[PDB]
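Before any comments, here is the structure.
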Amino acid sequence: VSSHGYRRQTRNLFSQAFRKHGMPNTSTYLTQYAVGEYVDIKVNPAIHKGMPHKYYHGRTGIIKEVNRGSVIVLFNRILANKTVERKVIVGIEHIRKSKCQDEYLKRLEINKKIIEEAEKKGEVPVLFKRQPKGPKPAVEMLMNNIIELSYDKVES
Amino acid sequence: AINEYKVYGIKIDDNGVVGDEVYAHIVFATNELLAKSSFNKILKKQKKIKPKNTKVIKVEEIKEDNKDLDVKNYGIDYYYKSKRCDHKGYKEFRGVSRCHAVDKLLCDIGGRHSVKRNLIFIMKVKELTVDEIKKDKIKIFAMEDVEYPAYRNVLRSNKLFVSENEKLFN
Amino acid sequence: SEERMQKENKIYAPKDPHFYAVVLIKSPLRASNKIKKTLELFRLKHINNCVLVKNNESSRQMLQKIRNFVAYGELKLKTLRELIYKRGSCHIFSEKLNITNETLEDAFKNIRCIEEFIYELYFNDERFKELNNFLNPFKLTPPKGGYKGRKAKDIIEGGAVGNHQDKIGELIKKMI
Amino acid sequence: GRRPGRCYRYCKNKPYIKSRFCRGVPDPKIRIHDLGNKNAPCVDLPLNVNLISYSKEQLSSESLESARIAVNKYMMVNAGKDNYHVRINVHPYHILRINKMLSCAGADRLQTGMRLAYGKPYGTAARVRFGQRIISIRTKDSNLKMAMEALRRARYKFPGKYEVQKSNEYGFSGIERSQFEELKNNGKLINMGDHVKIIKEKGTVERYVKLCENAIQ
Amino acid sequence: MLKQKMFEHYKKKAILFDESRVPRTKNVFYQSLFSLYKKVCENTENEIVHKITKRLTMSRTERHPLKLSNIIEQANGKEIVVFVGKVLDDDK
RNA sequence: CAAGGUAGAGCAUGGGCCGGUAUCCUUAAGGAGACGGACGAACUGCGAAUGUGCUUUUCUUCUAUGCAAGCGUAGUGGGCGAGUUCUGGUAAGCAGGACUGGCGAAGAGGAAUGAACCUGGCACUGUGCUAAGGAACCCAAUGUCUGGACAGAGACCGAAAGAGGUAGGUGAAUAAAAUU
């Protein structure tokens with residue numbers, strides 16, 4: 001039978017990668033955080049204070065409050081077939097800034113131009129949506145340089 | 001019945017006609033969809049272009065003339081998959097078309113080796129003169145030297161019961 | 001065009017069409033919930049239903065999941081006409097109705113006869129959503145003369161499900 | 001005595017090896033793997049013949065020992081001691097278990113039936129897969145028909161299908177005969193007993209020179 | 001285009017009277033008043049009339065009462081106020 | 001856009017099997033060895049497919065005969081089976097988990113018969129058509145073409161090991177019809 005301590009089953013998780021042992025780099029400490037940013041959790045096994053519980057490893061959430069050397073992040077979780085919000089305390093050594101909003105922020109920068117012109121000249125924005133890839137395109141071909149294919153390889 | 005088709009196709013990426021080459025393939029199959037299927041199969045095994053990066057530009061049927069139904073000799077090079085491995089071989093047939101020759105091979109191997117038609121691959125089909133014939137089977141029929149009588153009886157009428165004194169067969 | 005092209009030793013291959021046609025061949029009652037949800041989003045509900053779908057990368061991945069239940073392919077104009085004329089019908093919101101001049105004029109302010117409808121549906125890409133979502137799913141009969149093999153095998157294997165390409169017209173023409 | 005071979009034929013369980021976790025294991029019956037003229041140079045015994053598996057199963061250490069004796073006795077009588085080398089390729093690392101139970105059962109203080117059923121070590125076997133080389137011979141080219149007949153005798157000691165086949169390779173090198181001759185002439189080979197090392201244009205020049213003075217030619 | 005058309009339809013249908021609801025009281029004076037409003041609803045789209053007709057069908061507990069001062073507090077500068085319920089005195 | 005260490009692949013720290021040329025150390029034995037072959041549920045240097053989460057309707061597609069906070073209150077808390085996989089056991093219509101549909105609580109047509117298999121989800125009538133499975137007769141609908149096969153065989157049916165008969169493929173010879 002299995003046990004139920006705070007760091008159960010973390011032999012693979014919570015171990016350093018090959019040729020990457022030691023303390024964190026300066027960039028870790030010089031990064032500034034703000035309320036409302038999206039942030040991503042990855043535990044560093046060498047630091048023993050401010051570690052989250054291993055369920056949260058590799059998950060992304062939103063910063064709710066900022067303190068001297070730690071952050072409070074909001075998560076959601078299913079328990080007993082219902083949704084529950086959870087507020088997780090994490091030290092700054094175990095977090096990295098998330099990339100999940102990157103494309104959306106670029107798109108907002110384009111929208112922000114159009115939405116002004118749409119008051120002056122038009123009435124409503126064109127709004128620049130994405131579209132999924134359509135059907136295969138048409139082609140005009142010169143028809144020299146033909147290559148033949150054959151079952152010449154007998155494959156003993 | 002079996003037919004002969006020739007399929008043509010090119011590579012495409014996020015943009016068109018990414019290579020200036022065109023690829024071709026002659027195939028014996030029952031219809032166009034079974035033809036297109038074979039083209040995809042060969043491209044992926046001899047090169048590495050998967051369907052999402054290909055486009056077929058043309059499919060054409062190939063047909064002979066032979067208004068007088070003249071009889072010709074053909075040799076065929078083939079392989080098939082068994083339980084052990086892949087088996088190569090050569091056999092000779094007679095007929096009024098390349099497709100008539102090919103349908104007789106497919107029937108033969110199914111009869112002799114218990115194989116479904118999709119596990120047989122044709123490598124080459126060649127039309128031959130009397131001096132070219134290698135194996136024993138067709139040579140007597142090619143040199144025009146055969147007559148034989150009828151072994152099977154044939155019914156005279158569609159009726160189920162007939163009078164004892166009537167003629168029954170042929 | 002074909003003459004001009006051949007007269008200069010060149011081949012022309014047109015762009016793939018904007019929509020596929022889908023027919024529900026076999027029963028979904030034991031499929032998983034993920035399959036059932038996908039069929040709902042394509043508006044397919046009973047055996048021998050037929051429906052039109054936009055050719056697009058999202059649609060092509062939905063079809064990959066349901067390919068063992070459905071026959072699909074591309075439809076030229078002659079067969080599209082026989083379908084709409086012999087089995088077409090429409091709806092406003094919860095009212096089901098026959099395609100008539102009054103109902104077109106009401107729904108689409110500039111389409112007035114059933115021939116203009118078919119023309120826009122085939123040739124104008126940017127109105128497809130509005131034009132398609134007006135038609136109810138087509139209710140077809142089983143094919144005349146039956147199916148030749150075990151219909152649950154792939155078309156390549158000699159059954160009836162999968163991609164029939166340019167040749168779905170032959171299945172639909174036996175089912176109108 | 002022993003249980004019949006059908007009890008332990010197929011590879012049902014995960015590998016299980018002698019280790020800190022598993023103690024009180026008996027020694028395997030096979031202990032000797034090479035026979036004949038072990039250190040004969042690669043060039044001197046060109047022909048290679050193998051027993052090959054057409055099955056996926058476990059081979060007991062008792063069966064491997066019986067086959068060794070069978071193959072060796074034949075070659076020794078017919079080929080002569082200095083003309084051949086035999087190798088048995090597979091090693092019996094897997095441990096089998098038994099859940100031993102009393103004959104006078106039904107009632108005892110010992111925990112009877114399927115209570116606490118995990119077994120104790122019983123013996124050992126080798127685990128084998130399709131297309132694997134189980135026994136290998138190298139000899140003179142005159143001894144083809146002899147080597148064939150030697151390996152035939154092993155085929156009756158193991159469960160399942162096995163075939164005797166002749167190789168393209170020179171000796172216990174991995175090199176096809178055609179290619180070997182083409183490298184031997186032109187000076188590229190160094191002898192290392194039963195196999196060869198290939199000289200390449202890779203290191204420092206003074207090492208290259210020192211290697212080449214040692215070549216087989 | 002279509003997504004907007006759809007939502008604007010749902011929003012409307014969420015306001016309009018259901019026409020398969022009826023008050024449970026055996027009071028014939030109350031049932032008279034409902035009949036008037038019902039016949040007005042089927043000849044109009046005006047949201048105030050629809051809201052009133054839906055509220056006459058709700059239970060005694062759903063028709064919770066208000067005090068005079070709270071009406072004035074919620075009147076937000078209007079002259080006429082309407083309330084499907086009973087108005088009580090505020091002693092303050 | 002994140003996280004993961006299974007299948008495959010490998011044997012660089014740790015465990016661990018057999019044999020080694022030159023060379024080296026002693027002996028005049030043995031040992032070491034520039035290397036090859038064989039391996040681990042508690043070995044890893046590399047690493048899938050499928051599955052999981054985050055953002056965006058400023059992203060396709062569907063959507064009101066639809067969702068639904070809150071309040072009151074029922075039954076249930078012996079389960080069993082199929083497909084894919086796993087652990088204990090010589091195994092078991094055996095004992096115990098995981099994932100997606102069932103029978104329980106599911107009729108109808110088909111596998112001669114069968115809780116769970118194939119087709120396919122039931123208000124009540126009438127005319128047409130198909131599925132699965134069939135088409136000498138029992139019993140509604142049957143015939144055709146091409147090869148094999150002779151055993152009171154097969155259509156329903158057991159192993160390692162094998163000769164005999166016959167149909168074909170490939171590779172060796174010899175040839176004054178062919179033959180091995």
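Chain labels follow the order of the structure tokens: the first chain is A, the next B, and so on; residue numbering restarts at 1 in every chain, and ligands are counted from 1 in their shown order.
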
Which residues come within 9 Å of residue 200 (chain D), counting only C-alpha atoms (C1' of nucleotides), excluding same-chain residues fewer than 3 positions away, as a PDB file with N, CA and C atoms, in the first residue's frame?
ATOM      1  N   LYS D 188      43.214  -2.350 -44.559  1.00  0.00           N
ATOM      2  CA  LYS D 188      42.426  -1.551 -43.629  1.00  0.00           C
ATOM      3  C   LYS D 188      42.041  -2.296 -42.347  1.00  0.00           C
ATOM      4  N   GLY D 203      42.163  10.049 -36.601  1.00  0.00           N
ATOM      5  CA  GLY D 203      42.886  10.566 -35.448  1.00  0.00           C
ATOM      6  C   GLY D 203      44.062  11.459 -35.840  1.00  0.00           C
ATOM      7  N   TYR D 208      47.875   7.040 -36.820  1.00  0.00           N
ATOM      8  CA  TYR D 208      47.442   6.373 -38.035  1.00  0.00           C
ATOM      9  C   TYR D 208      48.570   5.494 -38.554  1.00  0.00           C
TER      10      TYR D 208
END

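Near residue 36 (chain A), within 12 Å and counting only C-alpha atoms (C1' of nucleotides), sit residues 61, 62, 63, 64, 65, 66, 71, 72, 73, 74, 97, 98 and 101 of chain A; same-chain residues fewer than 6 positions away were not included.
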
Exercise for the section: May I have the residues within 12 Å of residue 81 (chain F) as an MDAnalysis selection string, using only C-alpha atoms (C1' of nucleotides) and disregarding those fewer than 3 positions away in the same chain? Expected result: chainID F and resid 93 101:104 115:117

Requested write-out: N, CA and C atoms (P, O5', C5', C4', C3', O3' and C1' of nucleotides) of the selected residues, as a PDB file, in the first residue's frame:
ATOM      1  P     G F  93     -11.443 -18.489 -17.261  1.00  0.00           P
ATOM      2  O5'   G F  93     -12.856 -17.823 -16.903  1.00  0.00           O
ATOM      3  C5'   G F  93     -14.047 -18.436 -17.430  1.00  0.00           C
ATOM      4  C4'   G F  93     -15.150 -18.295 -16.411  1.00  0.00           C
ATOM      5  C3'   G F  93     -14.875 -18.900 -15.026  1.00  0.00           C
ATOM      6  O3'   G F  93     -15.472 -18.135 -13.963  1.00  0.00           O
ATOM      7  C1'   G F  93     -16.799 -19.866 -15.934  1.00  0.00           C
ATOM      8  P     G F 101     -18.190   6.647 -23.310  1.00  0.00           P
ATOM      9  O5'   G F 101     -18.857   5.181 -23.407  1.00  0.00           O
ATOM     10  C5'   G F 101     -20.185   5.026 -23.999  1.00  0.00           C
ATOM     11  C4'   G F 101     -20.316   3.728 -24.769  1.00  0.00           C
ATOM     12  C3'   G F 101     -21.473   2.801 -24.379  1.00  0.00           C
ATOM     13  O3'   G F 101     -22.785   3.252 -24.787  1.00  0.00           O
ATOM     14  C1'   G F 101     -19.511   1.508 -24.778  1.00  0.00           C
ATOM     15  P     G F 102     -24.097   2.862 -23.925  1.00  0.00           P
ATOM     16  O5'   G F 102     -24.410   1.372 -24.428  1.00  0.00           O
ATOM     17  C5'   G F 102     -25.179   0.515 -23.563  1.00  0.00           C
ATOM     18  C4'   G F 102     -24.838  -0.919 -23.860  1.00  0.00           C
ATOM     19  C3'   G F 102     -25.719  -1.895 -23.081  1.00  0.00           C
ATOM     20  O3'   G F 102     -26.876  -2.198 -23.882  1.00  0.00           O
ATOM     21  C1'   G F 102     -23.380  -2.334 -22.640  1.00  0.00           C
ATOM     22  P     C F 103     -28.243  -2.509 -23.108  1.00  0.00           P
ATOM     23  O5'   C F 103     -27.938  -3.974 -22.543  1.00  0.00           O
ATOM     24  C5'   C F 103     -28.997  -4.921 -22.316  1.00  0.00           C
ATOM     25  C4'   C F 103     -28.578  -5.849 -21.203  1.00  0.00           C
ATOM     26  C3'   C F 103     -29.298  -5.576 -19.888  1.00  0.00           C
ATOM     27  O3'   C F 103     -30.634  -6.105 -19.896  1.00  0.00           O
ATOM     28  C1'   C F 103     -26.997  -5.916 -19.457  1.00  0.00           C
ATOM     29  P     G F 104     -31.747  -5.329 -19.030  1.00  0.00           P
ATOM     30  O5'   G F 104     -31.137  -5.205 -17.551  1.00  0.00           O
ATOM     31  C5'   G F 104     -31.223  -6.314 -16.607  1.00  0.00           C
ATOM     32  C4'   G F 104     -30.535  -5.953 -15.300  1.00  0.00           C
ATOM     33  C3'   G F 104     -31.217  -4.889 -14.427  1.00  0.00           C
ATOM     34  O3'   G F 104     -32.114  -5.476 -13.491  1.00  0.00           O
ATOM     35  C1'   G F 104     -28.933  -4.296 -14.729  1.00  0.00           C
ATOM     36  P     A F 115     -30.042 -16.451 -21.748  1.00  0.00           P
ATOM     37  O5'   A F 115     -29.338 -15.004 -21.721  1.00  0.00           O
ATOM     38  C5'   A F 115     -29.939 -13.906 -22.471  1.00  0.00           C
ATOM     39  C4'   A F 115     -29.643 -12.558 -21.842  1.00  0.00           C
ATOM     40  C3'   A F 115     -28.421 -11.815 -22.398  1.00  0.00           C
ATOM     41  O3'   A F 115     -28.852 -10.855 -23.387  1.00  0.00           O
ATOM     42  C1'   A F 115     -28.631 -11.605 -19.988  1.00  0.00           C
ATOM     43  P     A F 116     -28.163 -10.866 -24.846  1.00  0.00           P
ATOM     44  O5'   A F 116     -26.771 -10.128 -24.587  1.00  0.00           O
ATOM     45  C5'   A F 116     -26.690  -8.688 -24.620  1.00  0.00           C
ATOM     46  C4'   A F 116     -25.421  -8.277 -23.907  1.00  0.00           C
ATOM     47  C3'   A F 116     -24.075  -8.597 -24.598  1.00  0.00           C
ATOM     48  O3'   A F 116     -23.254  -7.433 -24.816  1.00  0.00           O
ATOM     49  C1'   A F 116     -24.056  -9.140 -22.257  1.00  0.00           C
ATOM     50  P     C F 117     -22.613  -7.016 -26.235  1.00  0.00           P
ATOM     51  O5'   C F 117     -22.011  -8.382 -26.835  1.00  0.00           O
ATOM     52  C5'   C F 117     -20.714  -8.374 -27.505  1.00  0.00           C
ATOM     53  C4'   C F 117     -20.719  -9.253 -28.741  1.00  0.00           C
ATOM     54  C3'   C F 117     -21.347  -8.654 -30.001  1.00  0.00           C
ATOM     55  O3'   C F 117     -20.383  -7.866 -30.711  1.00  0.00           O
ATOM     56  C1'   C F 117     -22.042 -10.922 -29.727  1.00  0.00           C
TER      57        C F 117
END

Practice task
Kindly give the distance, in Å, that separates CA of residue 91 (chain B) and CA of residue 30 (chain B), rounded to a single decimal.
Solution key: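 Rounded to one decimal, the two atoms are 21.7 Å apart.
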
Each residue of chain F with at least one atom at most 12 Å from chain E should appear once, together with its nearest atom pair and the corresponding distance in Å (one decimal); atoms considered: only C-alpha atoms (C1' of nucleotides); ordering: chain, then increasing residue number; output as a tab-separated table.
residue	atom	partner	partner_atom	distance
F:57	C1'	E:3	CA	9.4
F:61	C1'	E:3	CA	11.3
F:62	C1'	E:3	CA	10.7
F:63	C1'	E:6	CA	8.9
F:64	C1'	E:10	CA	6.9
F:66	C1'	E:10	CA	10.5

Include C-alpha atoms (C1' of nucleotides) and write out the residues we just selected as a PDB file, in the first residue's frame.
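Listing of selection.pdb after writing:
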ATOM      1  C1'   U F  57     -15.275  33.571 -30.654  1.00  0.00           C
ATOM      2  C1'   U F  61     -18.991  24.937 -36.119  1.00  0.00           C
ATOM      3  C1'   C F  62     -23.685  24.426 -33.382  1.00  0.00           C
ATOM      4  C1'   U F  63     -27.316  26.409 -30.161  1.00  0.00           C
ATOM      5  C1'   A F  64     -34.147  28.322 -26.825  1.00  0.00           C
ATOM      6  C1'   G F  66     -32.108  24.869 -24.601  1.00  0.00           C
TER       7        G F  66
END

Practice task
Tell me the residues of chain A close to chain B, meaning within 6 Å using only C-alpha atoms, as a PyMOL selection string.
Solution key: chain A and resi 145-149+151

Handout entry: Contact residues around residue 59 (chain C) with only C-alpha atoms (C1' of nucleotides) at 12 Å, ignoring same-chain residues under 4 positions, as a VMD selection string
Key = (chain A and resid 132 to 135) or (chain C and resid 18 to 22 38 to 39 41 to 42 52 to 55 63 to 67 72) or (chain F and resid 60 to 61)

Write the residues of the preceding selection, restricted to C-alpha atoms (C1' of nucleotides), as a PDB file, in the first residue's frame.
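Saved result, again22.pdb, follows:
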ATOM      1  CA  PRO A 132      -8.314  28.295 -40.439  1.00  0.00           C
ATOM      2  CA  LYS A 133      -6.369  27.057 -43.458  1.00  0.00           C
ATOM      3  CA  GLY A 134      -8.676  26.730 -46.467  1.00  0.00           C
ATOM      4  CA  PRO A 135      -8.737  24.304 -49.463  1.00  0.00           C
TER       5      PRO A 135
ATOM      6  CA  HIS C  18     -15.305  25.169 -50.817  1.00  0.00           C
ATOM      7  CA  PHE C  19     -17.730  22.559 -49.443  1.00  0.00           C
ATOM      8  CA  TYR C  20     -18.095  18.800 -48.993  1.00  0.00           C
ATOM      9  CA  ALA C  21     -21.296  16.740 -48.783  1.00  0.00           C
ATOM     10  CA  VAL C  22     -21.659  14.162 -45.935  1.00  0.00           C
ATOM     11  CA  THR C  38     -19.270  15.826 -33.249  1.00  0.00           C
ATOM     12  CA  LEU C  39     -22.306  14.470 -35.162  1.00  0.00           C
ATOM     13  CA  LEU C  41     -22.308  19.907 -34.479  1.00  0.00           C
ATOM     14  CA  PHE C  42     -22.711  18.743 -38.105  1.00  0.00           C
ATOM     15  CA  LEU C  52     -23.229  20.242 -46.527  1.00  0.00           C
ATOM     16  CA  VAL C  53     -20.026  21.354 -44.666  1.00  0.00           C
ATOM     17  CA  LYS C  54     -17.307  23.987 -45.245  1.00  0.00           C
ATOM     18  CA  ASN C  55     -13.951  22.683 -46.528  1.00  0.00           C
ATOM     19  CA  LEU C  63     -14.197  14.314 -40.300  1.00  0.00           C
ATOM     20  CA  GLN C  64     -11.131  12.212 -39.372  1.00  0.00           C
ATOM     21  CA  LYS C  65     -12.783  11.380 -36.035  1.00  0.00           C
ATOM     22  CA  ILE C  66     -16.132  10.292 -37.543  1.00  0.00           C
ATOM     23  CA  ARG C  67     -14.908   8.678 -40.837  1.00  0.00           C
ATOM     24  CA  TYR C  72     -18.149  12.112 -47.846  1.00  0.00           C
TER      25      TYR C  72
ATOM     26  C1'   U F  60     -14.220  27.507 -37.298  1.00  0.00           C
ATOM     27  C1'   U F  61     -18.991  24.937 -36.119  1.00  0.00           C
TER      28        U F  61
END

Problem - Distance-based interface of chain C with chain A, 10 Å, counting only C-alpha atoms, as a VMD selection string - result: chain C and resid 5 8 to 19 54 to 59

Please identify every residue of chain A that has at least one atom no more than 12 Å from any atom of chain F, counting only C-alpha atoms (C1' of nucleotides), and report them as a compact mmCIF listing (two decimals) with N, CA and C atoms, in the first residue's frame.
# COMPACT_ATOMS: atom_id res chain seq x y z
N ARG A 11 9.87 11.23 -7.22
CA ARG A 11 11.24 10.82 -7.50
C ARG A 11 11.70 11.33 -8.87
N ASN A 12 10.80 11.27 -9.86
CA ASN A 12 11.10 11.77 -11.20
C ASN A 12 10.94 13.28 -11.26
N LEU A 13 9.75 13.79 -10.94
CA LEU A 13 9.56 15.19 -10.61
C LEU A 13 10.52 15.54 -9.47
N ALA A 17 17.87 18.22 -13.98
CA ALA A 17 18.25 17.69 -15.29
C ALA A 17 19.75 17.47 -15.39
N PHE A 18 20.15 16.59 -16.32
CA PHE A 18 21.54 16.19 -16.50
C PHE A 18 22.38 17.40 -16.88
N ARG A 19 23.44 17.63 -16.11
CA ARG A 19 24.38 18.74 -16.25
C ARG A 19 23.71 20.10 -15.99
N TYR A 38 0.12 36.64 -16.26
CA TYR A 38 0.03 35.20 -16.27
C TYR A 38 1.42 34.61 -16.07
N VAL A 39 1.48 33.63 -15.18
CA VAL A 39 2.74 33.09 -14.73
C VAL A 39 2.65 31.58 -14.68
N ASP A 40 3.81 30.92 -14.75
CA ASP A 40 3.91 29.49 -14.99
C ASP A 40 4.84 28.87 -13.94
N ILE A 41 4.42 27.77 -13.30
CA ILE A 41 5.14 27.21 -12.16
C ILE A 41 6.05 26.07 -12.59
N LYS A 42 7.33 26.16 -12.23
CA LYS A 42 8.27 25.05 -12.38
C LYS A 42 9.22 25.05 -11.19
N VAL A 43 9.09 24.04 -10.34
CA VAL A 43 9.78 23.94 -9.06
C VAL A 43 11.28 23.72 -9.28
N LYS A 54 2.90 19.40 -5.34
CA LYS A 54 3.31 18.92 -6.65
C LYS A 54 2.17 18.83 -7.66
N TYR A 55 0.90 19.01 -7.26
CA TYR A 55 -0.19 19.07 -8.22
C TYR A 55 -0.07 20.27 -9.16
N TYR A 56 0.51 21.37 -8.66
CA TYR A 56 0.55 22.65 -9.35
C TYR A 56 1.74 22.79 -10.30
N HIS A 57 2.71 21.87 -10.22
CA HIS A 57 3.88 21.88 -11.08
C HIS A 57 3.46 21.83 -12.55
N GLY A 58 3.98 22.76 -13.33
CA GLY A 58 3.70 22.84 -14.75
C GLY A 58 2.34 23.46 -15.11
N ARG A 59 1.63 24.03 -14.13
CA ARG A 59 0.36 24.69 -14.42
C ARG A 59 0.55 26.21 -14.43
N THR A 60 -0.34 26.92 -15.13
CA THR A 60 -0.29 28.37 -15.33
C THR A 60 -1.51 29.05 -14.72
N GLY A 61 -1.28 30.17 -14.02
CA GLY A 61 -2.35 30.89 -13.35
C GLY A 61 -2.11 32.39 -13.37
N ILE A 62 -2.91 33.13 -12.60
CA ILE A 62 -2.91 34.58 -12.67
C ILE A 62 -2.55 35.18 -11.31
N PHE A 75 -5.85 29.51 -9.00
CA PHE A 75 -6.06 28.32 -9.81
C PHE A 75 -7.49 27.81 -9.66
N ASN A 76 -7.92 26.93 -10.58
CA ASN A 76 -9.19 26.22 -10.47
C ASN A 76 -8.97 24.71 -10.51
N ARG A 77 -9.86 23.95 -9.86
CA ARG A 77 -9.65 22.52 -9.63
C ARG A 77 -11.01 21.84 -9.49
N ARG A 96 8.13 31.34 -13.66
CA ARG A 96 8.62 31.98 -14.89
C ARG A 96 7.45 32.67 -15.59
N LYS A 97 7.70 33.75 -16.34
CA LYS A 97 6.61 34.48 -16.99
C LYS A 97 6.04 33.65 -18.14
N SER A 98 4.71 33.58 -18.23
CA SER A 98 4.07 32.70 -19.20
C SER A 98 4.02 33.36 -20.57
N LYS A 99 4.06 32.52 -21.61
CA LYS A 99 4.03 32.97 -23.00
C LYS A 99 2.63 32.83 -23.60
N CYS A 100 1.63 32.45 -22.80
CA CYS A 100 0.36 31.97 -23.33
C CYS A 100 -0.49 33.08 -23.96
N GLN A 101 -0.21 34.35 -23.62
CA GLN A 101 -0.98 35.49 -24.12
C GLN A 101 -0.33 36.15 -25.34
N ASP A 102 0.85 35.67 -25.79
CA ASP A 102 1.72 36.40 -26.71
C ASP A 102 1.03 36.87 -27.99
N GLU A 103 0.36 35.95 -28.70
CA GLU A 103 -0.24 36.24 -29.99
C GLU A 103 -1.43 37.19 -29.83
N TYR A 104 -2.21 36.99 -28.77
CA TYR A 104 -3.38 37.79 -28.51
C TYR A 104 -2.99 39.25 -28.30
N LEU A 105 -1.87 39.49 -27.61
CA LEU A 105 -1.42 40.85 -27.36
C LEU A 105 -0.99 41.54 -28.65
N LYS A 106 -0.37 40.81 -29.59
CA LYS A 106 -0.02 41.36 -30.89
C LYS A 106 -1.27 41.78 -31.68
N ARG A 107 -2.29 40.93 -31.64
CA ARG A 107 -3.55 41.13 -32.34
C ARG A 107 -4.26 42.35 -31.76
N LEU A 108 -4.20 42.53 -30.44
CA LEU A 108 -4.78 43.70 -29.80
C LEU A 108 -4.10 44.98 -30.27
N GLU A 109 -2.78 44.95 -30.49
CA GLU A 109 -2.07 46.12 -30.97
C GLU A 109 -2.54 46.56 -32.36
N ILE A 110 -2.95 45.61 -33.21
CA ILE A 110 -3.46 45.93 -34.54
C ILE A 110 -4.89 46.44 -34.45
N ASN A 111 -5.73 45.76 -33.67
CA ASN A 111 -7.10 46.17 -33.42
C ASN A 111 -7.18 47.61 -32.90
N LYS A 112 -6.24 48.01 -32.02
CA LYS A 112 -6.23 49.32 -31.37
C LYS A 112 -6.08 50.47 -32.37
N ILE A 114 -7.23 50.23 -35.78
CA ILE A 114 -8.43 50.16 -36.61
C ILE A 114 -9.65 50.74 -35.88
N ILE A 115 -9.78 50.44 -34.58
CA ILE A 115 -10.97 50.78 -33.80
C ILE A 115 -11.13 52.30 -33.66
N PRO A 125 -15.42 48.29 -37.03
CA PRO A 125 -14.16 47.66 -37.44
C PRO A 125 -14.25 46.41 -38.31
N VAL A 126 -13.22 46.24 -39.14
CA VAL A 126 -12.95 45.01 -39.89
C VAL A 126 -12.37 43.93 -38.96
N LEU A 127 -11.66 44.37 -37.90
CA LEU A 127 -11.34 43.63 -36.67
C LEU A 127 -10.30 42.50 -36.82
N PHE A 128 -9.90 42.17 -38.06
CA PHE A 128 -8.77 41.29 -38.36
C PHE A 128 -8.80 39.96 -37.59
N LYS A 129 -9.80 39.13 -37.90
CA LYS A 129 -9.89 37.80 -37.32
C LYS A 129 -8.87 36.88 -37.98
N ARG A 130 -8.50 35.79 -37.29
CA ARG A 130 -7.78 34.66 -37.87
C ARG A 130 -8.77 33.78 -38.64
N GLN A 131 -8.31 33.08 -39.69
CA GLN A 131 -9.12 32.05 -40.34
C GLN A 131 -8.35 30.74 -40.43
N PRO A 132 -8.99 29.57 -40.23
CA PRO A 132 -8.31 28.29 -40.44
C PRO A 132 -7.92 28.10 -41.90
N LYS A 133 -6.91 27.27 -42.13
CA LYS A 133 -6.37 27.06 -43.46
C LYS A 133 -7.46 26.51 -44.36
N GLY A 134 -7.58 27.06 -45.57
CA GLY A 134 -8.68 26.73 -46.47
C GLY A 134 -8.37 25.52 -47.34
N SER A 156 13.22 -8.47 -51.03
CA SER A 156 13.43 -9.87 -50.64
C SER A 156 13.15 -10.07 -49.14

Taking a cut-off of 10 Å and counting only C-alpha atoms (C1' of nucleotides), can you build a table that, for each residue of chain D near chain F, reports the nearest atom pair and how far apart they are in Å (one decimal), sorted by chain then residue number, as a tab-separated table?
residue	atom	partner	partner_atom	distance
D:3	CA	F:90	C1'	8.5
D:4	CA	F:90	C1'	9.2
D:6	CA	F:90	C1'	8.3
D:7	CA	F:90	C1'	5.1
D:8	CA	F:90	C1'	8.0
D:13	CA	F:87	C1'	9.4
D:14	CA	F:41	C1'	6.9
D:15	CA	F:40	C1'	7.1
D:16	CA	F:40	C1'	7.3
D:17	CA	F:40	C1'	6.2
D:18	CA	F:40	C1'	8.8
D:19	CA	F:15	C1'	7.5
D:20	CA	F:15	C1'	9.1
D:21	CA	F:42	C1'	8.3
D:31	CA	F:18	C1'	8.7
D:32	CA	F:18	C1'	7.6
D:33	CA	F:18	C1'	5.9
D:34	CA	F:19	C1'	6.9
D:35	CA	F:19	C1'	9.9
D:38	CA	F:19	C1'	7.5
D:39	CA	F:20	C1'	7.3
D:40	CA	F:21	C1'	9.8
D:41	CA	F:21	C1'	8.1
D:42	CA	F:21	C1'	10.0
D:87	CA	F:18	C1'	9.2
D:88	CA	F:18	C1'	9.0
D:89	CA	F:38	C1'	6.4
D:90	CA	F:38	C1'	5.9
D:91	CA	F:38	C1'	6.2
D:92	CA	F:17	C1'	8.9
D:93	CA	F:39	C1'	7.2
D:94	CA	F:40	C1'	9.5
D:98	CA	F:90	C1'	9.0
D:99	CA	F:89	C1'	7.9
D:114	CA	F:89	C1'	7.9
D:116	CA	F:88	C1'	9.2
D:117	CA	F:88	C1'	7.0
D:118	CA	F:88	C1'	6.7
D:119	CA	F:89	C1'	8.8
D:156	CA	F:160	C1'	8.6
D:158	CA	F:160	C1'	9.5
D:159	CA	F:160	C1'	7.3
D:160	CA	F:160	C1'	7.3
D:161	CA	F:160	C1'	9.0
D:172	CA	F:36	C1'	9.2
D:173	CA	F:36	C1'	9.0
D:190	CA	F:21	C1'	8.3
D:191	CA	F:21	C1'	5.7
D:192	CA	F:21	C1'	3.9
D:193	CA	F:21	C1'	5.0
D:194	CA	F:20	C1'	8.0
D:195	CA	F:36	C1'	7.1
D:196	CA	F:21	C1'	9.1
D:197	CA	F:35	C1'	8.6
D:214	CA	F:22	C1'	8.0
